[PDB]
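# Inside the fold
As a plain string of letters, each chain reads:
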Amino acid sequence: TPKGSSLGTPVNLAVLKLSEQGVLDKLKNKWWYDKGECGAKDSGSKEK
Amino acid sequence: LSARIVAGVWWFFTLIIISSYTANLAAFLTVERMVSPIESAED
């Protein structure tokens, strides 16, 4: 945001509120995992 | 004539098998098994 703008505080509180609501987690999960290829998520004992 | 080659391929096979079993048993007797009950939250 621009220095000392009137939009700083509201978008700030917005970001916090969205993060707490779970919007950010769900959204990131959406564009990273939900839409994505080879989604096995460590399947067939890949760690061992 | 068939029993000689059958017993030979069989003896050879089980020899490979016991060598593998012993080798791997020593391997597990050494490695300390790398035990990990849980990995990820998905588990």
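Reading guide: rules and limits
Residue indices run from 1 on each chain, following the sequence as it is written; they may not match the entry's numbering, and residues absent from the coordinates are omitted. A letter from A marks each chain and a number from 1 marks each ligand, given out in the order of writing. Within a larger assembly, only the chains shown are considered here, and all values are given for them alone. For side-chain calculations, the full set of non-hydrogen atoms in the structure is used, while hydrogens and water are omitted. Residues with missing side-chain atoms are left out of burial classes, side-chain pairs and their counts. Helix and strand definitions here come from DSSP, where helices need a minimum of 4 consecutive H or I residues and strands a minimum of 2 consecutive E residues; each element is numbered from the N-terminal end. A fitted line through C-alpha atoms represents every axis, and for helices the fit uses only the stretch in contact; the resulting angles, taken between N-to-C directions, go from 0 to 180 degrees. For classification, angles of less than 35 degrees are called roughly parallel, those exceeding 145 degrees roughly antiparallel, those between 65 and 115 degrees roughly perpendicular, and all remaining angles oblique. Note on definitions: a residue-residue contact is assigned when non-hydrogen atoms from the two residues lie within 4.5 Å. As a working rule, the residues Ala, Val, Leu, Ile, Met, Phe, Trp, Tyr, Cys and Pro are called nonpolar, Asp, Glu, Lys and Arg charged, and the rest polar, with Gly in that last group.

Across its full length, chain A holds two helices and zero strands. When its C-alpha atoms are laid out on the principal axes, chain A stretches across 55 × 20 × 20 Å.

Quick look at the packing of helix α1 (residues 8-21) of chain A against helix α2 (residues 23-34) of chain A now. All names here are of chain A. Direction vectors running N to C along α1 and α2 enclose 75 degrees, while the axes themselves pass 4 Å from each other. Considering their axes alone, α1 and α2 lie roughly perpendicular with respect to each other. Side by side, α1 and α2 meet where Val15, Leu18, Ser19 and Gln21 of the first sit next to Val23, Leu24 and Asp25 of the second. Across the contact of α1 with α2, the residue classes break down as four nonpolar, two polar and one charged.

Notably, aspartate 42 of chain A is not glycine yet its phi reads approximately 55 degrees, a positive angle. With respect to the secondary-structure elements, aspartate 42 of chain A resides in the segment after α2. Phi at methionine 34 of chain B is positive, roughly 50 degrees, even though this residue is not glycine. By the element assignment, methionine 34 of chain B lies in the segment after α1 (2-31).

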